[PDB]
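When the letters of the sequence shown are read in order and numbered with PDB author numbering, they come out as residues 4 to 19, 28 to 57, 61 to 219, 232 to 280. Just so you know, even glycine gets a beta-carbon here, dropped at the ideal spot from N, CA and C.
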Amino acid sequence: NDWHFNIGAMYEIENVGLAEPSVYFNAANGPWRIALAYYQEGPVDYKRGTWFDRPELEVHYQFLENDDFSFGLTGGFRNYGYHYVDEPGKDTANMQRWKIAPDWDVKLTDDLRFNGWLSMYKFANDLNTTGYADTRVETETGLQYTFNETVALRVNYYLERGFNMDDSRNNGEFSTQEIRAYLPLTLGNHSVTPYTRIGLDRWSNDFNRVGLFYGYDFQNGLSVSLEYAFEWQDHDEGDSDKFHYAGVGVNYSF
Ligand SMILES: CCCCCCCCO[C@@H]1O[C@H](CO)[C@@H](O)[C@H](O)[C@H]1O
Ligand SMILES: CCCCCCCCO[C@@H]1O[C@H](CO)[C@@H](O)[C@H](O)[C@H]1O
Ligand code: NA
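This is the structure we're talking about:
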């Protein structure tokens, strides 16, 4: 068919300070895609602190792609390379995440679709050290109403659950449910998307978030992105838990 290629880098920053540099490569031919990515996560001013890296191979097979029913499958591997700093009883960890994840875009009407993805994960080595449950389910699924070429509405249900399949393990058990809404504006070469997540019910061992993605394509294979988001848990009279996300990214296609 045609080979398509993307390369890119992202820089994400999350404070209340974490620095998250990353780079990726993908190539596709017909229903086949291959994805290398390297992500790292650590405090700003590395006052050094503990950090990790996250190399990733993913493979996607497009089983069906048309207007009434598209359906798809992602298989993924990564390692988490934890580097502990001034934590007692920890030096390093190396935990791997295995992924299988179908993704589907089904047509309800001429301007209403049901789409989503569903990730089942297995998490491998150094679980006690790393604090993770050996199993995880994650999904964002919902409805896209298209107004027109310029305006659309995505409402989705979103679910993360961590559970050990071991009887003799309860480290890192947790559930998150949220409603997520986005209104993606496609203004020619601009892309403007405001969005919220409303926590329904979160527990681990409710919350809300507003944000704004912005995306320019320059018609030569280059594009860039800005994203900002504000999150809050809301607590004892006024003074609540408050977090900022920021993100810049670039991509090149060929
Ligand atoms: C994938 C490549 C991304 C390159 C972005 C580098 C952005 C700058 O990075 C900043 O440099 C500061 C010094 O001013 C450091 O203290 C911080 O760790 C960092 O936020
Ligand atoms: C697409 C890019 C793939 C890059 C794979 C990089 C190999 C990662 O390997 C890791 O290097 C880290 C950094 O010092 C350490 O956490 C570990 O010693 C090592 O496992
Ligand atoms: Na977004």
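Relative to the non-hydrogen atoms of ligand 1, the Cβ of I16 comes within a distance shorter than 7 Å of at least one. Beyond the five residues adjoining it in sequence on each side, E154 comes within less than 7 Å, by CB distance, of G130, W131, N170, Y172 and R194 in the same chain, given in chain order. Rounded to whole angstroms, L214 and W65 show a C-alpha spacing of 31 Å. Apart from the 5 residues on each side of it in sequence, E257 sits with its Cβ closer than 6 Å to the Cβ of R235 and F269 in its chain, given in chain order.
Those residues having their beta-carbon less than 7 Å away from any non-hydrogen atom of ligand 3 are, in chain order, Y196, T207, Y209, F239 and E253. Take the alpha-carbon of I10 and the one of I45: they are about 12 Å apart. In the DSSP assignment, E152 is bridged to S133 and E174. When the beta-carbon positions are compared, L141 and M109 come within less than 8 Å of each other. Shortest Cα-Cα distance from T144 to any of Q51, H7, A107 and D243 involves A107. Residue pairing of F161 in beta bridges, as defined by DSSP: absent, with no partner found.
8 Å or more divides the Cβ of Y57 from the Cβ of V274.
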